[PDB]
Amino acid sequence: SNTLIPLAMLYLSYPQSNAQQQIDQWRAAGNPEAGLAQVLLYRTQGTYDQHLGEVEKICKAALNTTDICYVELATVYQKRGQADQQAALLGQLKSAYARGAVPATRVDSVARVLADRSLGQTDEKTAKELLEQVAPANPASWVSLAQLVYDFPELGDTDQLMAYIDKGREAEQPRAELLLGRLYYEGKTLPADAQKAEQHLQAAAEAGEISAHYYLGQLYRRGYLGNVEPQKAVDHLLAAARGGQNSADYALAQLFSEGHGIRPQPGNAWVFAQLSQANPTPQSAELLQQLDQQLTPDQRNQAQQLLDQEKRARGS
C-alpha cells in the first residue's frame, strides 16, 4: 500500500498540523504497517536506541514481508551484543537470498552494519564473507569490500585491496577514486604519496564526493606536495564547507590564523569560526574568542557582513 509510512513521514517532516497517538490508533486498529511507522518515529525523534526491544518485536514480526527489517534486526543485535540472534538472522538472510527473496544490496547493507564500529564489537570476517558472495551479482560491494579491507587490514593486504578496487572501478564507482585518494593521503597501509593522492582525489571530486574537497584543501594547506598553496586550500576547503562538511569551516578558521606560510587574516578566520560553531567544540569557541578579542568594532561589523552574505547560500 505504501500508505501509513509516507503519511507518518509527512506528519513528522513538517509538524505544521499526536503522531504517536495516530500510530497507536493504526496499531490498535491492526494495520500491519503500524510497527514500521513507529520504528520510523523512533529514528526521526532520536529515541531509537531507547526502544531496541520493541524494534526487534516489530521487525521480527515483519521480516518476511519487509526486508529492510533485516538491516534493523542486525543493527539491534550489533548494538546489544547478541551473537546468537545475529547468527540466526544471518542464517535466515543467506537462505532468503538463496531463495531469491532478498536483493543483493540488502545483503550489502547488512554486511556494512556488521562492520560498523560505531555500533559495538564488529564482525568484519562475516561481513567479508557476505560481500564476497553477493559481489559478483552486485558490483558496488567490491568497493564495500575494498573499504572493509581498508578499515580492517586483518582481512587483506594492499594487493588484495587493490584487486577489490579494480573489480569495482570497472563500474568506475567514484567512491573507489575517493578510497585510492585516501589511501595515498593517510599513509596507513602504504607510504604516503601526495601526488597520487592529489590525482585520485581530483578524480573523486569531479565525480561528486565533496569529501575529496576536504582532503585536497588540507593537502594544499599543509604543503605535502612540497609547497603550501594558500588559495587552492581556501577554494577546496570552502567547497567542502559549502557542501556540508563541518570540519572544513574550522579548518578554514585555522588556515587564516596559524601563519605557517599563509598570511593571517583575522576577519575571515572569524567568519569561518562562527560557521564552525554549527557543531561546536571547545577549540572552536576558544579560537572564536581569541579572534573576536583581536578585532576592532568596524572589522567585526565587516566580518558580520561576510558571515551573513555566506549564510545566504541558497544551496537548494
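The numbering used is simple: start at 1 and walk along the sequence shown.
Unmodelled stretch separating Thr296 from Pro297: none (count of deposited-sequence residues without coordinates). Look at the mean CA B-factor for 142-150 and for 242-250 in the entry; the higher one is 242-250. Stretches compared: 64-72, 265-273. Higher mean C-alpha B-factor in the entry: 265-273. Looking only at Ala285, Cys59, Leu255, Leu52, the residue with the top Cα B factor in the deposited structure is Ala285. Ranked against the other modelled residues of its chain, the C-alpha B-factor of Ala171 as given in the entry falls in the highest third.
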